[PDB]
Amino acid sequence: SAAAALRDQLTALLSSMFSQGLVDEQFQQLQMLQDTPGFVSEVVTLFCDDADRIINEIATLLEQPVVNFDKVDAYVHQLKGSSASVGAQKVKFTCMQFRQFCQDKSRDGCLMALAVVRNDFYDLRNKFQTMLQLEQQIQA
């Protein structure tokens, strides 16, 4: 048919996420929660936005003549919390490495550190956007 073809794709896309380690049981819990039919799409839409906003705020802190590593550690810990809650486990564990740099007051470990956060955020944003598209076409 058409729709049936979409759920197979959406189920296929979703099975992608976990088979590649991009998401964990917390993402599973969101699915549990939805079971509010568009709940998951909105949560991911929000994470998508508040997530890049924090990356930008950290990039701004790391571009200052004097770096407030106190604040970088705080933004990383907030990003670590948004990640556990939607299930992007890697962004979350990379966030668990930043402290080490902030505490080491290193402007390169934090600057390259954010590059790995970038590495992990966009891989999942990719799988995020596609899912959103399929979830919308359920009723196009």
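Numbering starts at 1 and runs along the sequence shown.
The gap between residue 35 and residue 36 holds 1 to 3 unmodelled residues of the deposited sequence. The PDB entry reports B-factors from which the mean C-alpha value can be compared for 131 to 139 and 4 to 12; the larger average falls on 131 to 139. Relative to one another, 113 to 121 and 19 to 27 have unequal mean CA B-factors, and 19 to 27 is the one with the higher figure. Across 73, 52, 42, 63, the greatest Cα temperature factor reported in the deposited entry is at 63. For residue 85, the recorded CA temperature factor ranks within the lowest third of the chain's modelled residues.
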